[PDB]
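Chemist: Let me see the structure of the following:
(chains A and B)
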Number of protein chains: 2
Amino acid sequence: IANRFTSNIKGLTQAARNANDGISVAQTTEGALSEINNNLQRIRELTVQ
Amino acid sequence: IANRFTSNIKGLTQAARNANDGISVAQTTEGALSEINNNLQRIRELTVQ
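Modeler: Numbering: from 1, shown residues only, chains lettered A, B, ... in the order given. Take a look at the structure below.
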């Protein structure tokens, strides 16, 4: 049972690290999307003009 | 909703600027029309004479 618990603890810690990496991926993609959105807003203003 | 509000505000402001340009155009044309009308009135006076 101690072996099983050690395996589970190590796996869960590594999974937490993986989830942190995924959060980083999401943040980077969202920043790129925000810049694209600002460009689109400016283009719409130019079209209205 | 904030993005939509920003787009609407920008569009309305630019449309107001274009409308102001419209008043400018109309004022210029009305000034030319006033000059033409004054010339026509003087021509009428000369014809009456």
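
Chemist: hmm, stretch A:26-43 in reach of chain B?
Modeler: Yes - using Cβ under 8 Å from any Cβ of the partner chain, stretch A:26-43 comes into contact with chain B via A:37, A:41. C-beta here means a position set from N, CA and C on the backbone, and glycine is covered the same way.

Chemist: and the residue most central in space within chain A, how far is that from residue B:1?
Modeler: Nearest residue to the geometric centre of chain A (Cα atoms, centre = their mean): residue A:26, 1.7 Å. Distance, residue A:26 to residue B:1, using Cβ to Cβ, to the nearest Å: 22 Å.

Chemist: Helix or strand: which one has the residue nearest to the centre of chain A?
Modeler: helix A:2-48 (DSSP states H and E).

Chemist: Give the other helices and strands that that helix contacts.
Modeler: Applying 3 or more Cβ pairs under 8 Å, 6 or more residues apart in numbering or on different chains; DSSP states H and E, we find helix A:2-48 packed against helix B:2-48.

Chemist: Thanks a lot, catch you later.
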